[PDB]
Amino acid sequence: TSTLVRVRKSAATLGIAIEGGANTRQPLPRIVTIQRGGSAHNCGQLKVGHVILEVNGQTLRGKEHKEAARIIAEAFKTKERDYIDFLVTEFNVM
């Protein structure tokens, strides 16, 4: 139903694009691009079409597009850890 994917910061970029966010018909962001050479692509495990439920355990429910993108960018840039955990689904979660 849902998968926790740990992306190690193996490259200088994360290399994903997301669409949607709160107050749209795609209320949780969906991954639309995974760029070769970036940390996400290097990880084996994210897919175009994955919906991001949580970033490092923080729900994205309620976060409009720009804010969801800001949180993900901060999770990548922070020196708090050398990885980002994405909770994702290919379908829907109850």
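The numbering used is simple: start at 1 and walk along the sequence shown. Take the two forms, superpose them, and find the largest set of C-alpha atoms that agree within 1.5 Å; that set is the rigid core.
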Q. Which stretch is less alike in 4 other deposited structures of this protein, 52-60 or 23-31, counting RMS CA distance after the rigid core is superposed?
A. 23-31
Q. Among the modelled residues of its chain, does the C-alpha B-factor of residue 70 lie in the lowest, middle or highest third?
A. lowest
(Q) Please say which third, lowest, middle or highest, residue 58 falls into when its CA temperature factor is compared across its chain. (A) middle
Q) What third of its chain, lowest, middle or highest, does the C-alpha temperature factor of residue 16 fall into? A) middle
Q: Pull the Cα B-factor of residue 42 out of the PDB entry and bin it into the chain's lowest, middle or highest third.
A: lowest
Q. Split the chain's modelled residues into thirds by Cα B-factor; is residue 32 in the lowest, middle or highest one?
A. middle
